[PDB]
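Q: To start, I am sharing the structure in question, which I have written as structure tokens.
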4 protein chains.
Amino acid sequence: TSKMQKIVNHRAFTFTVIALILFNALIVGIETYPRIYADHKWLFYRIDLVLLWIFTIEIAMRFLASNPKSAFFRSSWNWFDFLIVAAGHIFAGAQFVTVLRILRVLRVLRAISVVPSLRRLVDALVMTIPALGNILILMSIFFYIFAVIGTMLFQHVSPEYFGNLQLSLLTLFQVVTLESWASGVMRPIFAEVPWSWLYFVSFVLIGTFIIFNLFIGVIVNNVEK
Amino acid sequence: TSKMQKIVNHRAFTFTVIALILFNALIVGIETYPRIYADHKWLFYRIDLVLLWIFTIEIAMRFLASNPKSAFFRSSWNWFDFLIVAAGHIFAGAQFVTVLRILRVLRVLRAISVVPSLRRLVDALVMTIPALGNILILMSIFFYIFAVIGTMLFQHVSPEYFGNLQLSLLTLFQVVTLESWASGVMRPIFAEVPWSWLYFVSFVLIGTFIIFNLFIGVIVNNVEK
Amino acid sequence: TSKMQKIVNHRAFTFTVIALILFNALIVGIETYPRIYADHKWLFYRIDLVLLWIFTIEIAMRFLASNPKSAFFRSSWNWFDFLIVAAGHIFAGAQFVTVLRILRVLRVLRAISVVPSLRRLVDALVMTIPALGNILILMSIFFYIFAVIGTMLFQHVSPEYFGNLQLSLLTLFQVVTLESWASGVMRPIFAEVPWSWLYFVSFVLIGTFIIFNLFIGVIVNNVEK
Amino acid sequence: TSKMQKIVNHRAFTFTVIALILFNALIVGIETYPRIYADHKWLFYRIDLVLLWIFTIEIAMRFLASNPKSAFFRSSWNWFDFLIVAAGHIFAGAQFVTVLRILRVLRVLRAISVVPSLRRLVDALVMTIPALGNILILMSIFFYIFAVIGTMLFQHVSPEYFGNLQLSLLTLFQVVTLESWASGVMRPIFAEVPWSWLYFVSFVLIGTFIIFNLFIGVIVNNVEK
Ligand SMILES: CCCCCCCC/C=C/CCCCCCCC(=O)O[C@@H](COC(=O)CCCCCCCCCCCCCCC)COP(=O)([O-])OCC[N+](C)(C)C
Ligand SMILES: CCCCCCCC/C=C/CCCCCCCC(=O)O[C@@H](COC(=O)CCCCCCCCCCCCCCC)COP(=O)([O-])OCC[N+](C)(C)C
Ligand SMILES: CCCCCCCC/C=C/CCCCCCCC(=O)O[C@@H](COC(=O)CCCCCCCCCCCCCCC)COP(=O)([O-])OCC[N+](C)(C)C
Ligand SMILES: CCCCCCCC/C=C/CCCCCCCC(=O)O[C@@H](COC(=O)CCCCCCCCCCCCCCC)COP(=O)([O-])OCC[N+](C)(C)C
Ligand SMILES: CCCCCCCC/C=C\CCCCCCCC(=O)O[C@@H](COC(=O)CCCCCCCCCCCCCCC)COP(=O)([O-])OCC[N+](C)(C)C
Ligand SMILES: CCCCCCCC/C=C\CCCCCCCC(=O)O[C@@H](COC(=O)CCCCCCCCCCCCCCC)COP(=O)([O-])OCC[N+](C)(C)C
Ligand SMILES: CCCCCCCC/C=C\CCCCCCCC(=O)O[C@@H](COC(=O)CCCCCCCCCCCCCCC)COP(=O)([O-])OCC[N+](C)(C)C
Ligand SMILES: CCCCCCCC/C=C\CCCCCCCC(=O)O[C@@H](COC(=O)CCCCCCCCCCCCCCC)COP(=O)([O-])OCC[N+](C)(C)C
């Protein structure tokens, strides 16, 4: 006999949870200002515990609502919720007492999993990755090649941008979004070594040609089916 | 008996209205220069009243031309016209005597509602919003998350850009159009805190990936039907 | 009897003309350097006249080759050729003796009309304009509105960018290609008047939303037929 | 009798080669840092020879594995491999002893030819060029025209950007990716000669209109078939 999971299904529960999420966003936004936060700090304390208490129980409900002896964690969107809320308790007295603030902020992000028409949208929007999941390998290969060619040439011409392999990856990420690829990056270097342009004029091309076929390949297969 | 709304329909009337609109644009453009305006101020006065008088009557015509006891205001494009022209009279002697100038400028904008092939174009171009009216919610959620994560980290590292929640929204709007996201925004901060790049390199990605599916989603459904 | 326009049709003639065009490009490029030009000026003179003489006759041929008593000028691509080459002679001794240089440069541009697969490409690529020939009117209206709203507000806050109606059109053209719309244009102004952002944050949106439907509208009708 | 090319076909061989490629990438990346390289230089030497020895033999295998008396070099992707690896030996004692380093870096690039689903992807991604292989000619013609018009006007107004035909090509490449086309390039010049804007406002248009039809033309034919 099990009179627990019979009418355990609810409808207006989602409105409760979304109101809680929006109230948490409104709470944590206010925490940003310094003068308001110090003065109202006493009031806020009881609230974080209160909000945390409100969440945990409402995910334990879902835990003991849909066949606990089943794929509750084999599914997605539930492992995620549990990870966030449980980290909520685990980092409550962590030596790093401040990551709790960032995670409290990140809490609201579950508002895409508790409402329909968002869960479905992000589900499709992420399942589309393995479609273009091949050109990414190409834009990694042609990315590392230049990231490691540049750093051995322009290492003593401009240590700021091309200082080292991991610091020269950031620059070749700046130059592929076409952001000051001629005011800060190229021109000062090009003023020193004369044949350097063949490295930027051949990266803003062979690099914008893949970001282009990314678009085309995700626009063809996403239309055909 | 009603011999009013029988031949009240007109054809060349639209040419009168469009000539008036273009003349109003030409009038208000000249108002910009200071030397010309002060000298010709006496001449201009009689004109604003004259143009205002010309409009009001020609919208009252439409008011008493197509079944006044019907959906004259339940429709759109008429509520808009009436709002603009009536604000014309309401702000004529407002304590704010200068908003009348901006609204006089904005008057010409009705040139999209008085001519065909523009009304239809803007009608479709705005009705397409509820199609992508879902990804906007996602680009608001993932927007607020970073807008409130950044402001609590980089609040005492660069008060100019990330000074406060409402002043840090503008910056994260600058960095999503890829405008000086490495010359002004990132590099000075990144020179202070070392692991900050994971916040910009993970916003120019997870933020240009939604502006991308915006494009794709509005290019698929706008082709299929 | 007319034994002129019988075998007047030619095949290898196009190779002669394209070789002449490429040689003219190679000639005029060299003219750019100053040291080379002064020294070789004597040699160059005989060449411009020689090239000009070579052209004129080869367009007079076409004039008297395909039914001169027909639509030789009602067609396009011939009126263009004749205009360029005839300007060649007309500006030979013009009071402006230097526009002849720019027009000599522009001469090579006819290389798109004398070779196939380019004439056809540019023909289609320009005939596509009346398709989107409607959104352009909208991007002119919403362009003038802001171009004349901005100049009356920010006329004594930054005369460089928003100095006058014709000088403020250039700025609102800069801000619609998303080029330093927050480093040079907005931020200095926004530091003076506080509520100014509502003018740039509402132009980089309602202005990139039309440049977007430009793309979509020219990608739908250019696929459907 | 030929008992050589009977069971010469292999399967796990590709895993050997890809492990070698990844190990070469990991080896050459470390070479970038200076302190690590000098100290570990003795260890590295034996490795370059070892890796080089490992490659050469494994391409000679393929040479004598698939009908050497056939189109081994008439094919592609094999001429490329052989060119790279053979340059490996040819530049081993070159007067330029340092290009060997860059070529050692470039060695890893063959990781797109030794694994499937990459060879096919790059094959299609390059075979698509002759489709748009016509608009490129147009974007070369309209490119040279402005590249040689600008250099004769703005040669004594700003020698930095428009110094000469080959140095003014770089600038008109900067201005077509819309990168500081109003902060560095235009505004300083435009402050000197007044009617110069008609050269940049008519290049950022007639130049972004071809990069646009590039997109459209490669999105239509790449969908239709
Ligand atoms: C199918 C085939 C795929 C091919 C993919 C190829 C991948 C192959 C992967 C190759 C691995 C890369 C080799 C780097 C190893 C360096 C180790 C090191 O010395 O650390 C140095 C510190 O500095 C760092 O550790 C920087 C951390 C690495 C930054 C990024 C490395 C990988 C990124 C690659 C981008 C990948 C994708 C990018 C685009 C998304 C230590 O030196 P030091 O600082 O002087 O401190 C003292 C040194 N000491 C310890 C001796 C005392
Ligand atoms: C489906 C779920 C959707 C989720 C959406 C989440 C939305 C949840 C919404 C949450 C609301 C946000 C909380 C902020 C409230 C602050 C109040 C405040 O203190 O004002 C301060 C002034 O400064 C301001 O008032 C700034 C105005 C707000 C800027 C933008 C806020 C909302 C933007 C969010 C972006 C939304 C989208 C953005 C992208 C389009 C007052 O402090 P002070 O200045 O020091 O002056 C003295 C203080 N004193 C009065 C005590 C004396
Ligand atoms: C369907 C409906 C369509 C609606 C379209 C609306 C179009 C309506 C068109 C309206 C016309 C615009 C009105 C401006 C007239 C100013 C005349 C003037 O005073 O000149 C001044 C000089 O300065 C100039 O002349 C600047 C030249 C004009 C710049 C651009 C104007 C039009 C651009 C609009 C952009 C259009 C599209 C833009 C996007 C492509 C003279 O003053 P001054 O310099 O002090 O010199 C002394 C003065 N003095 C002579 C008295 C001694
Ligand atoms: C279907 C039709 C197609 C039409 C296409 C048209 C193509 C027609 C091609 C025309 C050729 C161009 C003419 C330039 C020749 C200059 C020679 C010269 O004087 O060198 C100078 C050096 O400086 C250089 O040599 C610069 C090198 C050339 C840069 C790019 C030239 C071609 C680029 C074009 C872009 C093409 C595409 C661009 C977009 C991809 C020498 O002078 P100096 O430096 O003072 O040194 C002393 C001089 N001295 C030796 C006398 C002592
Ligand atoms: C999700 C985000 C990454 C995405 C995956 C990337 C793979 C992993 C890549 C890198 C991971 C390894 C880096 C570890 C850094 C340790 C050292 C360090 O502190 O960093 C240093 C450098 O900072 C960087 O190197 C940033 C690395 C950028 C990698 C991706 C670039 C864009 C990828 C585009 C991909 C698009 C194509 C599709 C592929 C995605 C900063 O500190 P520092 O070393 O002390 O430097 C001096 C500090 N000081 C100056 C303040 C004094
Ligand atoms: C239609 C336009 C907005 C669109 C809706 C946005 C929602 C509502 C958002 C904000 C509305 C609430 C802000 C109220 C401002 C009051 C205080 C103030 O003066 O502002 C201050 C800051 O200025 C800002 O914060 C600009 C806000 C940007 C919001 C949108 C950013 C891009 C959205 C992209 C969306 C794309 C994705 C799809 C979603 C659209 C300026 O004055 P101050 O505070 O005194 O600062 C110091 C002044 N001083 C330095 C000069 C001394
Ligand atoms: C083909 C190109 C134009 C295209 C048609 C544009 C329509 C006609 C528009 C303008 C034509 C009328 C301007 C006449 C200028 C006379 C005065 C003058 O010298 O100009 C002045 C300003 O320079 C400008 O105003 C540039 C005008 C830009 C117009 C188009 C902007 C982008 C359109 C985007 C369209 C995209 C959407 C679709 C619509 C296309 C410069 O000289 P000055 O006044 O002495 O200023 C001080 C000089 N000093 C500082 C050096 C000391
Ligand atoms: C694969 C990359 C090229 C692509 C083909 C390009 C064709 C061939 C084009 C040029 C080749 C000929 C140039 C030879 C240079 C010799 C002189 C020289 O040193 O260069 C000089 C200039 O540097 C340049 O001129 C760069 C040339 C850019 C050409 C392409 C621009 C973008 C094309 C976009 C195409 C997109 C549309 C589709 C078409 C592709 C640098 O040295 P310098 O002269 O001493 O100058 C002073 C040096 N100092 C200041 C440090 C003191």
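Neighbour counts are summed over all protein chains in view; Cβ atoms, including those assigned to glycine, are modelled from backbone coordinates with ideal geometry. Just so you know, all these numbers are worked out from the coordinates, no wet-lab data involved.
Q: Give me a count of the residues in region C:92-102 that are more than 10 Å from every other protein chain (Cβ to nearest Cβ) and not in a helix (DSSP H, G or I).
A: 4
Q: For the subset of region C:214-225 comprising residues that are part of a helix (DSSP H, G or I), out of contact with any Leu (no Cβ under 6 Å at 6 or more places or on another chain) and not aliphatic (A, V, I, L, M), which member is nearest to the other protein chains (Cβ to nearest Cβ)?
A: Only one residue tops the list, namely C:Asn222.
Q: Given the conditions (1) within 14 Å of chain D (Cβ to nearest Cβ); (2) not in a loop (DSSP other than H, G, I, E, B), which single one is not true for A:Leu132?
A: Here A:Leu132 meets the rest and fails (2).
Q: Within 14 Å of chain C (Cβ to nearest Cβ) and either touching a residue at least 40 places away in the same chain (Cβ under 8 Å) or assigned to a helix (DSSP H, G or I) (or both): does that describe B:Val122?
A: Considered against the rule, which asks whether it is within 14 Å of chain C (Cβ to nearest Cβ) and either touching a residue at least 40 places away in the same chain (Cβ under 8 Å) or assigned to a helix (DSSP H, G or I) (or both), B:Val122 comes out as yes.
Q: State the number of residues belonging to region C:177-205 that are within 14 Å of ligand 7 (Cβ to nearest atom) and more than 11 Å from chain B (Cβ to nearest Cβ).
A: Residues flagged as within 14 Å of ligand 7 (Cβ to nearest atom) and more than 11 Å from chain B (Cβ to nearest Cβ) within region C:177-205 amount to 1.
Q: Continuing with the same structure: I'd like the full set of residues that are among the basic types (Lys, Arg) and assigned to a helix (DSSP H, G or I), limited to region A:55-72.
A: A:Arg62 - this is the single residue of region A:55-72 that is among the basic types (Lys, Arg) and assigned to a helix (DSSP H, G or I).
Q: What pairs can you find where one residue is in region C:176-198 and of a type in the set (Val, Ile, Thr), the other is outside any helix (DSSP H, G or I) and away from ligand 2 (no atom under 16 Å from the Cβ), and their Cβ atoms are less than 6 Å apart, with a gap of 6+ or different chains?
A: C:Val176/C:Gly207; C:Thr177/D:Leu178; C:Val185/C:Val175; C:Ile189/C:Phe154; C:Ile189/C:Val157; C:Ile189/C:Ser158
Q: Another one. Return the residue satisfying two criteria in turn: it lies in region A:1-57 and is among the hydroxyl-bearing types (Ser, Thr, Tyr) and within 16 Å of ligand 6 (Cβ to nearest atom), and of such residues it is nearest to the other protein chains (Cβ to nearest Cβ).
A: Only one residue tops the list, namely A:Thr32.
Q: Restricting the search to region B:153-166, which residues are under 12 Å from A:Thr32 (Cβ atoms) and surrounded by fewer than 18 Cβ atoms within 10 Å (Cβ to Cβ)?
A: B:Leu153, B:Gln155, B:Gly163, B:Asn164, B:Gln166, listed by residue number.
Q: Of the residues in region C:31-48, how many are farther than 22 Å from D:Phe143 by Cβ and either among the hydroxyl-bearing types (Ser, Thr, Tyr) or within 26 Å of the chain's Cα centre (by Cα) (or both)?
A: 3
Q: Before we move on, is C:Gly163 under 20 Å from D:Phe200 (Cα atoms), more than 16 Å from ligand 5 (Cβ to nearest atom) and over 23 Å from the mean Cα position of the chain (by Cα)?
A: The answer is yes for C:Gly163.
Q: A follow-up question, please. Report yes if D:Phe154 is more than 19 Å from the chain's Cα centre (by Cα), of a type outside the set (A, V, I, L, M), within 30 Å of C:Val122 (Cα to Cα) and within 10 Å of another protein chain (Cβ to nearest Cβ), otherwise no.
A: So D:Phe154 does not fit the description; no.
Q: Moving on to the next point. Please verify whether region C:60-69 includes one or more residues that are on the phi < 0 side of the Ramachandran plot and of a type in the set (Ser, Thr, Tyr).
A: Within region C:60-69 (the criterion being on the phi < 0 side of the Ramachandran plot and of a type in the set (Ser, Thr, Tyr)), the answer is yes, since at least one residue qualifies.
Q: Does A:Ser75 count as away from chain B (no Cβ under 14 Å), on the phi < 0 side of the Ramachandran plot, surrounded by 12 or more Cβ atoms within 10 Å (Cβ to Cβ) and not in a helix (DSSP H, G or I)?
A: Judged against the criteria, A:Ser75 is not a match.
Q: Let me ask you something else. Report yes if B:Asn67 is out of contact with any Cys (no Cβ under 9 Å at 6 or more places or on another chain) and without any contact (Cβ under 8 Å) to a residue 40 or more places away in the chain, otherwise no.
A: No.
Q: Let me ask you something else. Regarding B:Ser158, is this residue away from ligand 5 (no atom under 16 Å from the Cβ), over 30 Å from A:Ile129 (Cα atoms) and of a type in the set (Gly, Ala, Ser)?
A: Judged against the criteria, B:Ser158 is not a match.
Q: A further question follows. Could you list, in sequence order, all residues of region B:159-170 that are within 11 Å of ligand 2 (Cβ to nearest atom), more than 7 Å from chain C (Cβ to nearest Cβ) and not small (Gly, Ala, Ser)?
A: B:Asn164, B:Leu165, B:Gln166, B:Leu167, B:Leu169
Q: Of these, D:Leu205, D:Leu178, D:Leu169, which one is surrounded by 16 or more Cβ atoms within 10 Å (Cβ to Cβ) and not in a helix (DSSP H, G or I)?
A: Result of the check over D:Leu205, D:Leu178, D:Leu169: D:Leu178.
Q: Can you say whether D:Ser113 is of a type in the set (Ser, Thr, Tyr), within 14 Å of chain A (Cβ to nearest Cβ) and surrounded by 14 or more Cβ atoms within 10 Å (Cβ to Cβ), as far as the supplied structure shows?
A: The answer is yes for D:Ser113.
Q: From the set of residues in region D:135-147 that are within 8 Å of chain C (Cβ to nearest Cβ) and free of Cβ contacts under 8 Å to residues at least 12 places away in the same chain, which is farthest from ligand 5 (Cβ to nearest atom)?
A: D:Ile145
Q: Kindly evaluate B:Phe173 against the criterion of being more than 13 Å from chain C (Cβ to nearest Cβ) and more than 16 Å from ligand 3 (Cβ to nearest atom).
A: no
Q: Checking the conditions here, which among D:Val8, D:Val105, D:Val114, D:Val28 is under 26 Å from the mean Cα position of the chain (by Cα), in a loop (DSSP other than H, G, I, E, B) and touching a residue at least 40 places away in the same chain (Cβ under 8 Å)?
A: After ruling out the rest, the residue left standing is D:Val114.
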